[PDB]
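Shown next, in structure tokens, is the structure this report addresses.
As a convention, Cβ positions derive from the backbone with ideal geometry for all residues, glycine included, and neighbour counts pool all protein chains shown. We did not get these values from a lab; they are worked out from the coordinates using the rules stated.
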Amino acid sequence: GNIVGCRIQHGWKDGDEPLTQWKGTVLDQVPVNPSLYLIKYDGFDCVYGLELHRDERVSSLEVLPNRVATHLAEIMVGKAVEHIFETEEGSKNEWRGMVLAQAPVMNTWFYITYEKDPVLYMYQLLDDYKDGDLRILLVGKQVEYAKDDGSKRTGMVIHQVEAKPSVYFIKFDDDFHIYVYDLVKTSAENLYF
């Protein structure tokens, strides 16, 4: 059936690393690629894009019986912010970013990205705000850019941010992170076909 908005679990094994068990919440199935899902995994800071039925690293995929658990939220969406947060690896950051959107499915979570790490993160920002840790200040087309190792990175534009229509989400073929590009900004080494 339809796994969007569902709790899921599956095995993960990339290459010769030991098999791990991943558990997460499916946020969305990408319209321009219905094989591609966006998932918030438990304890993972970044939103992942995985072809959950096609990826050979994914095994034993199941939906779980378990269920998925305003004025300030409305204000934050689209704002440039300064976020004081601690990452999975213990690094203590004070970073400038932007709040992209309230996340689908998980209703106190927000899509957020940072100028130092322009991928899609997801955090409970209204809690960080109360803690005093947050300060408020093409889709479907292929894309590429040249990397420093003399090769092209290739991907597809998968989402246009409603709060900021010049901001797009890009899925690259080589990676499960979701890359966030604001096209008005000097990020002009992107080529769209």
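Figures for the structure shown
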item: Calculated FRET efficiency for the pair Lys13/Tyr145, C-beta based, R₀ 41 Å, to 0.05; result: 0.85
item: Per-peptide average of other Cβ atoms within 10 Å, ordering 56-65, 26-35, 144-153 highest first; result: 26-35, 56-65, 144-153
item: Ranked by how many other beta carbons lie within 10 Å on average, peptides 6-13, 160-167 from highest; result: 6-13, 160-167
item: Helix-derived mean residue ellipticity, 222 nm - over the chain, DSSP H n ≥ 4, -39500 (n - 2.57), to 500; result: -1500 deg cm²/dmol
item: Amide H partners (placed H, <5 Å) of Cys6, local residues excluded; result: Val26
item: Shape of region 10-117, Cα gyration tensor, a/c cut at 1.5; result: prolate
item: Cut-off 14 Å between beta-carbons: net charge of the residues surrounding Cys46, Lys and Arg +1, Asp and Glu -1; result: -3
item: For the chain, the fraction of alpha-carbon pairs in successive 5 Å shells from zero, as %; result: 1, 7, 15, 19, 19, 17, 13, 7, 2, 0
item: Summed residue charge, Cβ within 10 Å of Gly24's Cβ, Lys/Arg positive, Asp/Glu negative; result: +2
